[PDB]
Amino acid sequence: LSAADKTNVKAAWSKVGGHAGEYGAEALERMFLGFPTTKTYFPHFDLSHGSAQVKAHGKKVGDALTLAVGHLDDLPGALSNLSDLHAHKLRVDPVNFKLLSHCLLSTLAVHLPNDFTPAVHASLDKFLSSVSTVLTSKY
(Lines of atoms letter the chains of each structure in order from A and count residues from 1; the text may use other names and numbers.)
(Lines give C-alpha, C1' and ligand atoms only; values in the text may rest on other atoms or scores of the structure.)
Protein backbone atom coordinates (compact mmCIF):
# COMPACT_ATOMS: atom_id res chain seq x y z
CA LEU A 1 0.00 0.00 0.00
CA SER A 2 1.05 3.57 -0.73
CA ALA A 3 1.64 6.06 2.04
CA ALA A 4 -1.51 7.93 1.08
CA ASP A 5 -3.44 4.61 1.31
CA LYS A 6 -1.99 3.93 4.74
CA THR A 7 -3.06 7.33 5.93
CA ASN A 8 -6.58 6.88 4.57
CA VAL A 9 -6.88 3.37 6.09
CA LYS A 10 -5.70 4.49 9.56
CA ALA A 11 -8.02 7.47 9.36
CA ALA A 12 -10.99 5.41 8.21
CA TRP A 13 -10.47 2.76 10.84
CA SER A 14 -10.34 5.38 13.63
CA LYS A 15 -13.88 6.27 12.59
CA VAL A 16 -14.91 2.62 12.86
CA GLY A 17 -13.55 2.82 16.44
CA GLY A 18 -15.15 0.31 18.71
CA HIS A 19 -17.70 -0.92 16.19
CA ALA A 20 -15.18 -3.20 14.37
CA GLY A 21 -16.61 -6.36 15.94
CA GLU A 22 -20.18 -5.41 15.20
CA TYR A 23 -19.29 -4.54 11.62
CA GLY A 24 -17.39 -7.85 11.29
CA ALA A 25 -20.45 -9.77 12.42
CA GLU A 26 -22.75 -7.90 10.08
CA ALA A 27 -20.35 -8.47 7.20
CA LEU A 28 -20.36 -12.21 7.90
CA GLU A 29 -24.14 -12.27 7.92
CA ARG A 30 -24.30 -10.34 4.65
CA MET A 31 -21.82 -12.89 3.21
CA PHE A 32 -23.73 -15.99 4.38
CA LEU A 33 -27.01 -14.68 2.89
CA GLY A 34 -25.59 -13.24 -0.32
CA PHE A 35 -23.09 -16.01 -0.98
CA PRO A 36 -24.50 -19.22 0.48
CA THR A 37 -21.57 -21.37 -0.66
CA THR A 38 -19.51 -19.71 2.11
CA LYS A 39 -21.66 -21.38 4.78
CA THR A 40 -19.90 -24.72 4.20
CA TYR A 41 -16.88 -23.53 6.15
CA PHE A 42 -19.02 -23.08 9.28
CA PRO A 43 -20.85 -26.42 9.83
CA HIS A 44 -20.41 -26.08 13.57
CA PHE A 45 -22.01 -22.60 13.78
CA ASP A 46 -25.56 -21.57 14.37
CA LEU A 47 -25.87 -19.26 11.35
CA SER A 48 -29.20 -17.85 12.67
CA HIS A 49 -29.63 -14.10 12.62
CA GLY A 50 -28.29 -12.82 15.94
CA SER A 51 -26.41 -16.05 16.57
CA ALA A 52 -23.85 -15.57 19.29
CA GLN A 53 -21.32 -17.66 17.40
CA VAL A 54 -21.43 -15.26 14.43
CA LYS A 55 -21.30 -12.29 16.77
CA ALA A 56 -18.29 -13.79 18.53
CA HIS A 57 -16.56 -14.69 15.32
CA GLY A 58 -17.26 -11.19 13.89
CA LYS A 59 -15.44 -9.80 16.94
CA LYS A 60 -12.39 -11.98 16.14
CA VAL A 61 -12.44 -10.83 12.53
CA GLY A 62 -12.75 -7.15 13.53
CA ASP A 63 -9.92 -7.49 16.04
CA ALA A 64 -7.64 -9.04 13.38
CA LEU A 65 -8.41 -6.16 11.00
CA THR A 66 -7.63 -3.66 13.77
CA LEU A 67 -4.36 -5.49 14.41
CA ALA A 68 -3.58 -5.35 10.66
CA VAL A 69 -4.17 -1.59 10.55
CA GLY A 70 -1.56 -1.19 13.29
CA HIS A 71 0.93 -3.26 11.29
CA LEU A 72 0.53 -2.07 7.72
CA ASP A 73 4.27 -2.14 7.12
CA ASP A 74 4.54 -5.83 8.09
CA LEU A 75 1.24 -7.58 7.44
CA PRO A 76 2.88 -10.99 6.75
CA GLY A 77 4.51 -10.96 10.18
CA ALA A 78 1.46 -9.67 12.04
CA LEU A 79 -0.87 -12.17 10.30
CA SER A 80 1.36 -15.26 9.84
CA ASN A 81 -0.59 -17.28 12.42
CA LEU A 82 -3.80 -16.65 10.40
CA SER A 83 -2.14 -17.51 7.09
CA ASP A 84 -1.39 -21.04 8.31
CA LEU A 85 -4.92 -21.44 9.61
CA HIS A 86 -6.73 -20.35 6.45
CA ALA A 87 -4.47 -22.01 3.88
CA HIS A 88 -3.24 -25.23 5.51
CA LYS A 89 -5.87 -26.21 8.01
CA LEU A 90 -9.06 -24.65 6.60
CA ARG A 91 -8.13 -24.59 2.89
CA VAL A 92 -10.36 -21.62 2.23
CA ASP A 93 -10.90 -21.06 -1.47
CA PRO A 94 -9.31 -17.69 -2.26
CA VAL A 95 -12.46 -16.48 -3.97
CA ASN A 96 -14.20 -16.28 -0.61
CA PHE A 97 -11.84 -13.54 0.61
CA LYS A 98 -13.14 -11.33 -2.25
CA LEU A 99 -16.70 -12.02 -1.08
CA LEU A 100 -16.05 -11.17 2.53
CA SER A 101 -14.16 -8.01 1.49
CA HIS A 102 -17.14 -6.86 -0.58
CA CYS A 103 -19.51 -7.53 2.31
CA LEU A 104 -17.28 -5.61 4.69
CA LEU A 105 -17.17 -2.62 2.36
CA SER A 106 -20.96 -2.82 2.02
CA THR A 107 -21.23 -2.77 5.86
CA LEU A 108 -18.97 0.27 6.15
CA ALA A 109 -21.04 2.09 3.52
CA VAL A 110 -24.22 1.42 5.50
CA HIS A 111 -22.87 2.80 8.80
CA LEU A 112 -20.40 5.48 7.71
CA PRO A 113 -21.93 7.02 4.60
CA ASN A 114 -20.34 10.42 4.96
CA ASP A 115 -16.89 8.97 5.69
CA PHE A 116 -17.05 6.32 2.94
CA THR A 117 -15.82 8.65 0.22
CA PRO A 118 -14.50 7.39 -3.15
CA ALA A 119 -10.85 7.87 -2.03
CA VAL A 120 -11.41 6.05 1.25
CA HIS A 121 -13.26 3.19 -0.56
CA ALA A 122 -10.30 2.79 -2.88
CA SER A 123 -7.76 2.65 0.01
CA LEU A 124 -9.87 0.19 1.98
CA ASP A 125 -10.26 -2.01 -1.04
CA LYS A 126 -6.47 -2.15 -1.38
CA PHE A 127 -6.09 -2.85 2.33
CA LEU A 128 -8.56 -5.74 2.22
CA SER A 129 -6.92 -7.19 -0.92
CA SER A 130 -3.56 -6.94 0.88
CA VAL A 131 -4.90 -8.72 3.94
CA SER A 132 -6.48 -11.38 1.71
CA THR A 133 -3.20 -11.97 -0.13
CA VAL A 134 -1.41 -12.50 3.14
CA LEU A 135 -4.04 -14.91 4.39
CA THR A 136 -3.84 -17.03 1.19
CA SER A 137 -0.03 -16.74 0.91
CA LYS A 138 0.78 -20.21 2.30
CA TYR A 139 -0.44 -21.70 -1.00
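Numbering starts at 1 and runs along the sequence shown.
Visitor: Can you let me know which of the two, 19 to 27 or 119 to 127, has the higher average C-alpha B-factor in the entry?
Guide: Comparing 19 to 27 with 119 to 127, the higher mean C-alpha B-factor belongs to 19 to 27.
Visitor: Would you tell me which stretch averages the higher CA B-factor in the PDB entry, 82 to 90 or 110 to 118?
Guide: Mean CA B-factor is higher for 82 to 90.
Visitor: Considering only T38, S101, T66, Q53, which residue's Cα atom bears the greatest B-factor as recorded?
Guide: Of the candidates given, the C-alpha B-factor peaks at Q53.
Visitor: Could you check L33, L105, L47, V95 and tell me which one carries the biggest Cα B-factor in the deposited entry?
Guide: By C-alpha B-factor in the record, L47 ranks first.
Visitor: According to the PDB entry, is the CA B factor of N8 in the bottom, middle or top third of its chain, that is, lowest, middle or highest?
Guide: For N8, whose C-alpha B-factor we compare with every modelled residue in the chain, the answer is the lowest third.
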